[PDB]
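Below: one structure, written as structure tokens.
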Amino acid sequence: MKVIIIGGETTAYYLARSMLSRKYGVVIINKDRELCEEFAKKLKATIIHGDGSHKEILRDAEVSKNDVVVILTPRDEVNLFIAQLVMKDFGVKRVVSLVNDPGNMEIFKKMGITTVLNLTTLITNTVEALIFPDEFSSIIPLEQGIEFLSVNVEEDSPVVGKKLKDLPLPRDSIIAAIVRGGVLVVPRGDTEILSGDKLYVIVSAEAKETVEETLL
Amino acid sequence: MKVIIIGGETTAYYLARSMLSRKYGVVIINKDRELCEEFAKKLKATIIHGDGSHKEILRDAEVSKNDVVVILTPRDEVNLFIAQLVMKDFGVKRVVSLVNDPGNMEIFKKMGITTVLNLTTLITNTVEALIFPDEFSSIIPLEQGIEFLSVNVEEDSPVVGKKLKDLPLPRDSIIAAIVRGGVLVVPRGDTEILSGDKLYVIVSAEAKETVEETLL
Amino acid sequence: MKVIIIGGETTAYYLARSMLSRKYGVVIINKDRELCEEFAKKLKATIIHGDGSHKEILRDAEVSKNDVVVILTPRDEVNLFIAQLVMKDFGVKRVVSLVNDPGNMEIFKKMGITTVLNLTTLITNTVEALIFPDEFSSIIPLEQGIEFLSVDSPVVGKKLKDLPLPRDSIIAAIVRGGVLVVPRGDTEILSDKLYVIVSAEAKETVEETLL
Amino acid sequence: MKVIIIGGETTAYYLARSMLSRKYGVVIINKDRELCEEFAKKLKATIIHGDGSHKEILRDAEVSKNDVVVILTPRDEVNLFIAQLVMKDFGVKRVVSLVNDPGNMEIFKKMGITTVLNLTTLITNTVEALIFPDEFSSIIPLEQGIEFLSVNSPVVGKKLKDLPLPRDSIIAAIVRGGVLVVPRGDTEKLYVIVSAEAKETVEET
Amino acid sequence: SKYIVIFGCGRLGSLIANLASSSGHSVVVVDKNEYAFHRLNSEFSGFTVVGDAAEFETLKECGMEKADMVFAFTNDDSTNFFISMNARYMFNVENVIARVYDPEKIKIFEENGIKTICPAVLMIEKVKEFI
Amino acid sequence: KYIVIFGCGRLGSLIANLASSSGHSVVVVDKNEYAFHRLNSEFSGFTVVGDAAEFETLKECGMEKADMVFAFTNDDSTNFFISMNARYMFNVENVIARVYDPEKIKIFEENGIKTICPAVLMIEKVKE
Amino acid sequence: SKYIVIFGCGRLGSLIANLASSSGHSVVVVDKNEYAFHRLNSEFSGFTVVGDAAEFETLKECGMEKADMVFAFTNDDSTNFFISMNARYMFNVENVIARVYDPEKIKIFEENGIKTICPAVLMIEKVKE
Amino acid sequence: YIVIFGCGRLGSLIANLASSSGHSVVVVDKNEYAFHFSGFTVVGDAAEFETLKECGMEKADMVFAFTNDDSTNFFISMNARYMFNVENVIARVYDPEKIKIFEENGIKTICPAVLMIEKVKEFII
Ligand SMILES: Nc1ncnc2c1ncn2[C@@H]1O[C@H](COP(=O)(O)O)[C@@H](O)[C@H]1O
Ligand SMILES: Nc1ncnc2c1ncn2[C@@H]1O[C@H](COP(=O)(O)O)[C@@H](O)[C@H]1O
Ligand SMILES: Nc1ncnc2c1ncn2[C@@H]1O[C@H](COP(=O)(O)O)[C@@H](O)[C@H]1O
Ligand SMILES: Nc1ncnc2c1ncn2[C@@H]1O[C@H](COP(=O)(O)O)[C@@H](O)[C@H]1O
């Protein structure tokens, strides 16, 4: 088993550097001759210069059934192809892909490519958290239909001075972890939410509206 | 308040598309004349072609104290500069930056730039999860010193057939949510961790080793 | 002695191909990594990738006093430098350079770099010849102050001896239907491509007489 | 009649500058958007950004039957096409082209495109002249089958009449210390025009 | 009347679009840029979506949901592939036809049940006559 | 019959293989050697590596003894140039060119170069 | 003696490195590419780190921890800025000197307490004469 | 009669100190927006000969080759020295290794790197 990183300029570098440090075997497959030569010199991996979507190049990389192909290209239309090509024609079971358009996340899931959390989504969640810090901002989405949000306890908020047992949260919601001044607090019943504290929440989408209405 | 997206080819597009859809105002500042023209046509934002690190360009973009500057460049040395320039010379309080080298995440935090979760870290966590699915794999890291891991359960695991109350987990660890076959299970005391159930865990680093030793 | 071709994409290739065919030794010094690799594979020369204006690169190429450095860059300001650097710091006596701006030809001569006939000049002479075919069009300029031109007419039916040409003019060769005719006295022109060598201080009168 | 200069970075500029100075009309057709904008600003010509090989672009440039198309591209395969396209589909009689490979000069002549003297040839002639200055080095080749050489010894102290040169050779002009000398019989750097079928003997003599 | 969705209004693209519209079919022509629709003939009652076919928001805009036929006919194989996969697996279009340039790629389309028109495959027929 | 195929690419090599299997003497010219991987096992023909725009390459193919020259690179101008040399410099009786831009098709035939155009081929199928 | 770390062994870079080494200082020269170290002189006892100064793993390799002076002297302002910031805020180097090309950038360095050598600022002096 | 080539950051500073000192200045630059003073300004490429003629270096006491390009500045200087026989020609030279070939043609040079080594000497002590 080797980790086949299929192109992506700089992020492909740091992933390769990471994988190597994790004592894995890495094949970098990149179409940029210039960047290939820079990699070859820096990273201690196998650098195959060429188009990852070409069966021939993939054959040269020797992509095996058990290899993990990671597709990091900025073009989703290419990624999905490079994925299917690796999956159907080479029998690669484990495929990880970057998916640029948040809209395209679905088809990639449907096809059975496993995807890294969408960057632009994370960026949007982070940015919107900064603009509105006192509203339940979504972290990194868990399983399909369960989001992992987070809210900060405002001084003038209703939640302040309330017992976690006494708080009436919906059935499919869990106040997972409280974080008081950079310290994890395990939420027992007799736990009380204080000012300037940060409560992480896991809730199913079909109950998110009510969970926020109650907590905030 | 506008969202100033300072350059980054494709991811800068989808962010801009996202921001606009969230009824925000967007200023795209990109140095690629070609991509600027493509944006201008597609995205309904203000496209300023030029180097984000140049005070003059930022003046043209009219970056205000309350604006949210998002720096998405592949060069951390540039990002940190574009950040400081925006923060010190323009008084922008809210700065979000991509940080390519996981190693560089720290100095960005130390400087007070808020950062998006590192892509190559996520990718590494996702890839390592696929290679070793039956070991506690880290999700998205919470506050500095508290990681958010997850473990599947093996048919041949000790945790199977044990009460969540009976499980002896360390003080600074929380079994946040169980996910039985794509369904969220709120971990009560009398909850029994069944074989196949995916248990998400929040634990402080100073207790991660023991939490894994016990839960796995 | 080797021929050091200092960069110039395609023309640099064909020169290298030419030099090698003339059993010379060729060092190609080009800054384009991509083109360097293409050369390496095709041409059987020494390809040093790097900036020709950098003393270090020139040291790597081992440019010797006796080597012939050919500078083929599109930037005259660079050429003149690469030249002087090769001439003063490396002692290269023989330097051939492309000079893009016809205006710049002079300073290159003054500095003692020998120059290939200016392309845009030749192009202009060729184009102007096509637009006005029946007027004395200049070929390739000889020594500084002597041009080498070429040209119902009055000259038809006149003896070459009888033609009153100025002192510093020579009707060098007549070309009748793709055949060279050695101009004797009793040679007569007919309604004939006559090549002429004349000094600039006599060109006006030579043309006035030939038409 | 306008002079259509079809692409070629820097040499294309100086030709355009030259043509304009010769009170001609110039259409620069270049595929480099960046260079087109630089031209537009500097040169007082018509700059059409686009591929010269595309009929549409040539239509936009309005290449007329009487226009002189000059193709200055580094790719001969393109030049020959841009030429034929201008010649057959637009009826341009006057076409001047750069030809990079000296080997390709022939087919361009055969097709009836008039060509600028090959650069690499001139460069080779110039370089070889510097390496061997005391041997008959060829200048710029005249008509097909007649070369124009030059030489700078047994010939010293001999009358030009007394010199036994072959029939198809002419000692065109002597240049004594940067001064042209018209070669009379009683005449004692000599430029020579000789046919290829007589070059070997002309040099030997 | 079929509801045909033609992606890419190009040289080959719009030719499909015109033959479709003239045959009284309801056509939707999607293209990366508007100036491509110049190829759409005078008599054309169909609608045109400008947008990038690789973007999902574009694929939704075409209403492939109500489509009988999707033609992935851009100059990019991977794009055409992506278009088709969305048509087949995301909008469950019964008939999806893709223009595939690289003949080696033809297989992975049909392995996803996407009918393919390949110019190279079409040419080998005609080039056989020349012998 | 002595076939010379220029460009051993996707479409290129397919011609080369159909030719070689049909017992024809083939010469496959290509810009880079890694293209020749696309020629299959049973292939007795010879392969010239070289730039088809260079004249020295065209001489190396022995178009002099060719019955058919296929100009089949991805470049129209290159294919054009190849064909022109075949027709006017080596007087090859049959020269077939792969022409991408349909507007260019005319100037080939106006030089007596048979053309295979994918776009022209596609308009047929897109009709259906 | 002083433990000087010079980033970028370039035209201006290596000149610092040589004057430092000859003055009996312990030098460490970091550069993106090895061929730059040709510029460092014969008499040079210091160590050389090949690596990208923008990568953190490179900054750790230099031992800025034991440094008295860090010179951020690459041709890139942002790189030199980043180098400096790491020196100042990540390795707490007392003296950090940066080569800054764009004079408008000088301010944001000093606002982070990074002494700056700016060629344009140096030239305005001579161009005055 | 001072002729300053390149009206840039360092460039124009020379031009202003010159003009305020009551000297007749000519500022040549590749692009007009650089000119953002009684002297005259020539827009044009200093590598083109037609530009060098336009500056009237013939009547110049001082030519400053002060563009961001060494080779350009070199070329400017060589024309000043050998084509217009300007007595004083001063060149802005970035690469310190190039300084030599200027002075070997009798072109005085202002090198930032050479200027800096002075100031960087103070910082170590
Ligand atoms: N990513 C894309 N999304 C939508 N349309 C595209 C895309 N890429 C190319 N096209 C269109 O596909 C057509 C294909 O070219 P043609 O050979 O002329 O049919 C072009 O006119 C393009 O505008
Ligand atoms: N100048 C050239 N000489 C030889 N082969 C060429 C040249 N230019 C392009 N090619 C070939 O054209 C082929 C076309 O690729 P394809 O579109 O896949 O058939 C490639 O294999 C190239 O090697
Ligand atoms: N990111 C970097 N890390 C290390 N060295 C660099 C980096 N960027 C530029 N350099 C070096 O900076 C020097 C700049 O050249 P010079 O302008 O002549 O001083 C070169 O030797 C580059 O190798
Ligand atoms: N080749 C050139 N000819 C004339 N001016 C130039 C040339 N190259 C650069 N310049 C100008 O010289 C100045 C050099 O930068 P600086 O003086 O540091 O701002 C800039 O304003 C350039 O526009």
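Protein chains in written order, with the deposited numbering: chain C, 1 to 216; chain D, 1 to 216; chain G, 1 to 151, 156 to 195, 197 to 216; chain H, 1 to 152, 157 to 192, 198 to 214; chain A, 7 to 137; chain F, 8 to 135; chain B, 7 to 135; chain E, 9 to 44, 50 to 138.
C-beta: ideal position from N, C-alpha, C; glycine also.
State the DSSP-derived secondary structure class of residue i, mapped to helix, strand or coil.
i: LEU142 (chain D); result: coil
i: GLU110 (chain A); result: helix
i: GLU213 (chain D); result: helix
i: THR191 (chain C); result: coil
i: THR80 (chain F); result: coil
i: residue 155 (chain H); result: What the structure lacks is residue 155 (chain H): chain H is numbered 152, then 157, with the residues between left out.
i: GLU147 (chain D); result: strand
i: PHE115 (chain A); result: helix
i: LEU167 (chain G); result: coil
i: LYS208 (chain H); result: helix
i: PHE62 (chain B); result: helix
i: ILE6 (chain C); result: strand
Are the CB atoms of residue i and residue j nearer to each other than 8 Å?
i: residue 224 (chain H); j: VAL86 (chain G); result: Here chain H comprises residues numbered 1 to 214, so residue 224 (chain H) is not present and cannot be evaluated.
i: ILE131 (chain D); j: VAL95 (chain D); result: no
i: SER97 (chain G); j: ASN79 (chain G); result: yes
i: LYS8 (chain F); j: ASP74 (chain F); result: yes
i: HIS49 (chain G); j: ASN30 (chain G); result: yes
i: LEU46 (chain A); j: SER28 (chain A); result: no
i: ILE174 (chain H); j: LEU164 (chain H); result: no
i: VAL3 (chain D); j: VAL26 (chain D); result: yes
i: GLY69 (chain F); j: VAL36 (chain F); result: no
i: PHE77 (chain E); j: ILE10 (chain E); result: yes
i: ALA16 (chain D); j: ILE28 (chain D); result: yes
i: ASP172 (chain D); j: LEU184 (chain C); result: yes
Ends of the alpha helix (DSSP H) at residue i?
i: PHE88 (chain F); result: 83-96
i: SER18 (chain G); result: 9-21
i: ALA26 (chain F); result: 17-28
i: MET70 (chain B); result: Counting along the chain, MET70 (chain B) falls outside any alpha helix (DSSP H), and DSSP gives it neither H nor E.
i: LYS132 (chain B); result: 125-132
Under 7 Å: does the beta carbon of residue i sit that close to some heavy atom of ligand 6?
i: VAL185 (chain H); result: Within the structure as shown, ligand 6 is missing, the only ligands being ligand 1, ligand 2, ligand 3 and ligand 4.
Taking the beta strand (DSSP E) that residue i falls in, what are its first and last residues?
i: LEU199 (chain C); result: 197-204
i: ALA42 (chain F); result: It is not in any beta strand (DSSP E) - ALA42 (chain F) carries neither H nor E in the DSSP assignment.
i: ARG180 (chain C); result: 173-180
i: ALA104 (chain A); result: 101-105
i: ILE120 (chain E); result: Segment: none, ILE120 (chain E) is in no beta strand (DSSP E) and carries neither H nor E.
i: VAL26 (chain C); result: 26-30
Problem set entry | Completely contained alpha helix (DSSP H) runs for the segment 55-135 of chain G, where each covers 4 or more residues | DSSP runs (the alpha helix (DSSP H)) wholly in the segment 55-135 of chain G: 55-61, 76-84, 105-111 and 119-131.
Exercise. Using a Cβ cut-off of 9 Å, which residues of the segment 79-94 of chain G contact any Cβ in chain E, in chain order?
Worked result: Of all residues in the segment 79-94 of chain G, only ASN79, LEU80, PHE81, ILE82, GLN84, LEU85, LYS88 and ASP89 come within less than 9 Å of chain E when Cβ atoms are compared, listed by chain position.
Exercise. Looking at chain C, which residues of the segment 150-180 of chain D have a Cβ within less than 7 Å of any of its Cβ atoms?
Worked result: With the criterion set as a beta carbon lying under 7 Å from some beta carbon of chain C, the members of the segment 150-180 of chain D are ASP172, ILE174, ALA176, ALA177 and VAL179, in sequence order.
Exercise. If you measure beta-carbon to beta-carbon, which residues of the segment 86-109 of chain A are closer than 7 Å to chain C?
Worked result: Within the segment 86-109 of chain A, the qualifying residues are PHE87, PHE88, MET91, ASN92, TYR95 and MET96.
Problem set entry | the segment 130-143 of chain D: positions lying closer than 9 Å to chain C by Cβ | Those would be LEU130, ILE131, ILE139, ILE140, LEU142 and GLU143, in chain order.
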